[PDB]
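Peer 1: Everything below, folded, please.
(chains A and B)
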Amino acid sequence: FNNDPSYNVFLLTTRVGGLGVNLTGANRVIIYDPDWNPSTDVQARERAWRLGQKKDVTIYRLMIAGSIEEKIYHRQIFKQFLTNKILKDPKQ
DNA sequence: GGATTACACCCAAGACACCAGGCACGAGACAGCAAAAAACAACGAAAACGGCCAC
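Peer 2: Residues are numbered from 1 along each chain as shown, chains lettered A, B, ... in the order given. Structure data below:
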């Protein structure tokens, strides 16, 4: 994927992929389905947002409004707050 | 002294309670064609993917 001008897109199923695979070639990212682990998505974004990435990277989240996606996304935001007030400011 | 005067002794009619057995209740305990056959609803779910080791 990195060393070929063709082979533009490829699906990854971000459970198996994210162990540290180097995919700096990517610049755009599409998230299709929200996951349960709030962590599995940071490695997913890091599949194109490696340290010192060559070009700007963007994330497009898919979210079905008025569905379980709403509950999961709010849950993930709450989980981010959990690790973002325990380690940032316990007054939040 | 001995019999009227009185009082003790007991015994017979009496009663209440006793002893049991009836009598009614009281609720269990039933207990209710056989043979043949067919329809006929209900008895009734661990997802899915990865990182492996051993093929």
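
Peer 1: ok, and the closest non-adjacent residue to residue A:59?
Peer 2: residue A:29 (5.0 Å; C-beta to C-beta, 6 or more residues apart in numbering). For every residue, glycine as well, the C-beta is placed using N, CA and C.

Peer 1: mind checking how far the one you found is from residue A:88?
Peer 2: 26 Å (C-beta to C-beta, to the nearest Å).

Peer 1: Have a look at these two and say which one is more surrounded.
Peer 2: residue A:29 (19 against 10; other C-beta atoms under 10 Å).

Peer 1: outside of the helix or strand harbouring that one, which residues touch it?
Peer 2: Applying DSSP states H and E as the criterion places residue A:29 in strand A:28-31. Applying C-beta atoms under 8 Å, 6 or more residues apart in numbering, the set of residues contacting strand A:28-31 from outside is A:41, A:44-45, A:47-49, A:57-62.

Peer 1: What pairs with that strand, parallel or antiparallel?
Peer 2: Within its sheet, strand A:28-31 is paired with strand A:58-61 (parallel), according to DSSP bridges.

Peer 1: Distance check, the closest residue to residue A:23 other than its chain neighbours against DNA strand B.
Peer 2: Nearest non-adjacent residue to residue A:23, counting by C-beta to C-beta, 6+ apart: residue A:47, 4.8 Å away. As judged by C-beta to the nearest atom of the strand, to the nearest Å, residue A:47 and DNA strand B stand 13 Å apart.

Peer 1: I appreciate the help and will end here.
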